[PDB]
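Below, chains carry the letters A, B, ... as their sequence lines are ordered, and counting in each starts from 1. Heavy-atom basis, side chains included; hydrogens, waters and symmetry copies ignored.
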Amino acid sequence: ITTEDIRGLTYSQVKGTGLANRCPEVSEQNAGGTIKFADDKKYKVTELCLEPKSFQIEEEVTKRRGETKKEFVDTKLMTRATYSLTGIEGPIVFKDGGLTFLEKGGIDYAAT
Amino acid sequence: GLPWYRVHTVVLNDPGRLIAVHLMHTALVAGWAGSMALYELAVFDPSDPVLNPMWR
Ligand code: CLA
Ligand code: CLA
Ligand code: CLA
Ligand SMILES: CC1=CCCC(C)(C)[C@H]1/C=C/C(C)=C/C=C/C(C)=C/C=C/C=C(C)/C=C/C=C(C)/C=C/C1=C(C)CCCC1(C)C
């Protein structure tokens, strides 16, 4: 789903369809760009939405009480779809040798 | 009368009742199979098949 398409939809259409949890994407038609960071201009991130599509857990390979070997197993989502984060924003500063994004807001957690 | 060890001989010459008792025995055996499977599943540990298989 593109941001241009989300604006087209009203809340009544989107409600109860699972599209609210889905993270948008940049269209292939509108791509190949370059977000250049001009000096003398403070920049920041907004709307940083993260939809996880696969969940894996490092589970012990056996129920032995002294099991040290573990592997990543796939899981079923028990919570219904509220897991995607959205609205995350924050500054982009020259903290160190390169640019860095500092997280300072948004939904930015999901108790799944 | 009929002593305790001959009691199931009344159904010797009654084929319908013989089918009935055979059916009851079959029902009990199938019920045992199901119940044993359920209890085993309740107490089974499927985590480790190489050092804790079914036969252990
Ligand atoms: C499927 C096989 C089978 C069948 C259909 C029968 C059928 C019969 N036998 Mg039996 N019998 C069998 C195997 C079988 N027998 C075996 C293997 C033996 C050797 C031990 C005997 C030895 C035997 C004798 C010596 C006599 C009979 C008699 C009888 C008749 C009456 C029994 C009665 O009313 O008991 C009623 C029984 C009770 C009220 C309680 C018995 C409780 C037992 C001992 C313990 C608990 C058993 C448990 C709940 C289930 C067993 C599981 C199984 C896998 C073994 C009846 C026609 C009698 C006969 O011929 O009469 C004319 C008789 O005298 N049978
Ligand atoms: C072509 C016809 C036919 C068929 C298909 C059968 C089949 C059977 N007879 Mg036999 N039988 C026949 C003719 C037939 N008989 C005739 C003409 C007589 C003389 C009256 C007998 C007398 C006779 C006796 C005295 C006994 C049998 C028993 C059995 C059953 C033993 C196995 C069992 O219980 O499986 C395990 C059971 C199942 C898997 C349950 C489902 C079985 C099927 C798929 C459906 C049953 C429902 C159906 C509508 C019943 C009517 C058909 C009936 C003929 C089976 C078996 C299903 C024995 C019995 O009743 O054991 C319990 C038994 O003691 N038969
Ligand atoms: C091929 C396998 C097979 C065979 C041939 C039989 C045969 C029999 N079963 Mg069945 N049964 C089976 C599988 C089998 N079963 C399975 C898998 C289950 C589920 C666990 C059952 C559960 C079951 C029950 C619940 C009952 C039977 C009964 C019977 C008997 C019915 C006829 C009868 O009354 O005889 C006359 C009786 C006898 C021959 C009794 C002696 C049986 C053996 C030799 C006893 C073994 C010693 C015992 C553990 C200790 C006794 C000590 C003291 C208390 C005397 C017969 C011996 C019924 C029975 O015995 O009713 C009285 C009965 O109640 N069976
Ligand atoms: C004493 C002794 C001697 C030698 C062997 C051993 C040492 C093991 C010991 C034990 C022996 C024996 C013979 C034990 C056997 C135990 C047995 C046969 C137990 C029976 C179990 C059966 C059960 C639950 C059946 C369950 C059935 C149910 C709900 C049916 C319900 C239903 C009905 C009735 C109508 C249709 C709908 C529906 C819901 C399916």
Side-chain angles (χ1 to χ4, degrees), chain A residues 1 14-25 45 47-88 90 100-112, chain B:
Chain A
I1 188 65
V14 179
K15 192 190 168 198
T17 65
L19 269 74
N21 198 53
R22 264 171 31 90
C23 169
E25 74 176 340
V45 185
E47 305 137 7
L48 178 74
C49 176
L50 296 94
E51 171 168 23
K53 317 184 83 51
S54 74
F55 307 84
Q56 288 184 84
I57 301 288
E58 177 166 84
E59 182 75 8
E60 293 138 34
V61 201
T62 319
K63 290 192 182 299
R64 300 153 185 176
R65 284 184 172 180
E67 189 85 324
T68 80
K69 192 186 303 317
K70 310 184 181 171
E71 62 186 347
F72 269 117
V73 301
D74 298 297
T75 71
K76 295 181 188 298
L77 197 93
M78 295 296 100
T79 56
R80 294 176 64 186
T82 78
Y83 56 77
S84 78
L85 324 174
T86 59
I88 293 104
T100 185
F101 161 62
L102 317 164
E103 200 275 345
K104 298 293 178 77
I107 291 290
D108 85 334
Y109 64 96
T112 172
Chain B
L2 196 63
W4 72 267
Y5 52 92
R6 313 265 188 73
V7 293
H8 295 165
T9 62
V10 300
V11 76
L12 189 137
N13 202 36
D14 197 342
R17 292 277 178 97
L18 183 59
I19 291 155
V21 299
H22 289 189
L23 272 153
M24 191 67 225
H25 167 270
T26 315
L28 281 152
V29 183
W32 172 82
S35 307
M36 211 55 257
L38 290 175
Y39 170 82
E40 281 198 343
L41 292 156
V43 304
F44 185 59
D45 174 28
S47 56
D48 191 5
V50 310
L51 288 174
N52 189 16
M54 81 174 27
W55 52 270
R56 279 291 302 216

Kindly provide each donor-acceptor pair between chain B and chain A shorter than 3.5 Å, listing atom names and distance.
residue: B:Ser47; atom: OG; partner: A:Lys63; partner atom: N; Å: 3.4
residue: B:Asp48; atom: OD1; partner: A:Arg64; partner atom: NH2; Å: 3.0
residue: B:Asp48; atom: OD2; partner: A:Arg64; partner atom: NE; Å: 2.4
residue: B:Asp48; atom: OD2; partner: A:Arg64; partner atom: NH2; Å: 2.7

Can you give the donor-acceptor pairs under 3.5 Å from side chains of residues 2-11 of chain B to other protein atoms, not counting sequence neighbours?
residue: B:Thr9; atom: OG1; partner: B:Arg6; partner atom: O; Å: 2.4

Atom pairs and distances, side-chain donor-acceptor, residues 15-40 of chain B, under 3.5 Å, sequence neighbours left out:
residue: B:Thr26; atom: OG1; partner: B:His22; partner atom: O; Å: 2.5
residue: B:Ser35; atom: OG; partner: B:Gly31; partner atom: O; Å: 2.7

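A search for side chain to side chain contact (heavy atoms under 4.5 Å, CB included) contacts involving A:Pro24 returns A:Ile1, A:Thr3, A:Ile6, A:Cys49, not counting sequence neighbours.
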